[PDB]
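Quick heads-up: it's one chain on its own, the form deposited in one PDB entry, in structure tokens.
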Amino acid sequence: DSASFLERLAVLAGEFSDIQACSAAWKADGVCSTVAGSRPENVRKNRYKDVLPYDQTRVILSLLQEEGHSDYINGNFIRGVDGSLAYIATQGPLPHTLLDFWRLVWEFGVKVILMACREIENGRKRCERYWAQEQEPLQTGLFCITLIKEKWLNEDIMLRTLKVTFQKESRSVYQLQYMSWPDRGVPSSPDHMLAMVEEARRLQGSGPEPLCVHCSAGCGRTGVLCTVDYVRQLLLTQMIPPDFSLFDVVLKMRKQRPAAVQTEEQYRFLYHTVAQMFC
């Protein structure tokens, strides 16, 4: 029933402006810093100078620490509906952070990656390819990535089944890639993104390992995906309260990953998606 929310639903423009105002006030007065990402040795590991992970929630890598690898990746944990670390929101890896991306995926036991960008968008590099191609395994440091299968779920979503081998162990990792997110604006409808989230959840199954979600910066589109999944988990567990607030969910996300849900158009798209889920 609380899905009441629809009965309650320029309003959205004002609401997004309030999210921006509140999150900016929190950056200024709250426990919020970017010390690690600004260290000289880490600056080159950031795709964008204005996107640094907050120290408070940053992903601290330990895999291969004994072999001298740094703890740093541009990525943050985001809490899920049970208060556990349910998402890792990170950037699209650079040539020199590919190895770190796989350390992240391996260390935290990630089963599903959601990628919400293309390698190149409108003539600009946005993400390095970290997956293998047909009959062309990819060696990245000590990781060997093999392509087992590729499947288009619909015209906008690719599913890759990967075999990832490290230190004599092989794991299955599924990667879902959204293939048509526009350079300006948002998708024509929420349907195919919802299909992506639905499939990710089937592949994830039970168990606490985080979903790995990324776009190019790891902010806007990434925050849309994490929020849609968070709200869908509330819905499926019958835990939408009568005072459910999408505003509060997005604001909370913004305190964990910088600029989670970056634009008014993204916020409106998220509203459209949630309304559709609520029927």
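One rule holds for the numbers: they count along the sequence shown, beginning at 1.
Counting the deposited residues that fall between residue 25 and residue 26 and carry no coordinates gives zero. The gap between residue 3 and residue 4 holds 1 to 3 unmodelled residues of the deposited sequence.
For the pair 224-232 and 47-55, the record assigns the higher mean C-alpha temperature factor to 47-55. Look at the mean CA B-factor for 215-223 and for 37-45 in the entry; the higher one is 37-45. Looking only at 198, 134, 169, 119, the residue with the top Cα B factor in the deposited structure is 134. In this structure the maximum Cα B-factor among 104, 94, 145, 142 is found at 142. In this PDB entry, the Cα temperature factor of residue 76 sits in the bottom third of its chain's modelled residues, the lowest group. Sort the chain's modelled residues by C-alpha temperature factor and residue 63 lands in the middle third, per the entry.
In the deposited entry, the Cα temperature factor of residue 98 sits in the middle third of values across the chain's modelled residues. Residue 239: CA B factor lies in the middle third for its chain, per the PDB record. Residue 253 sits in the lowest third of its chain by CA B factor, as recorded in the PDB entry.
Only in words, not in the display: the form solved in complex with a partner chain, which the text now covers.
Only one segment in the set 79-87, 164-172, 145-153, 177-185 has residues whose heavy atoms sit within 4.5 Å of the partner chain in the deposited bound form; it is 177-185. At the 4.5 Å threshold, heavy atoms of residue 214 stay clear of the partner chain in the deposited bound form, well away from it. Taking non-hydrogen atoms only, residue 50 approaches the partner chain to within 4.5 angstroms in the deposited bound form.
The partner chain in the deposited bound form comes within 4.5 Å of no heavy atom belonging to residue 210. Residue contact with the partner chain in the deposited bound form: residue 37 places no heavy atom within 4.5 Å of it. With the partner removed from view, the residue among 59, 246, 219, 253 that has a non-hydrogen atom within 4.5 Å of the partner chain in the deposited bound form turns out to be 219.
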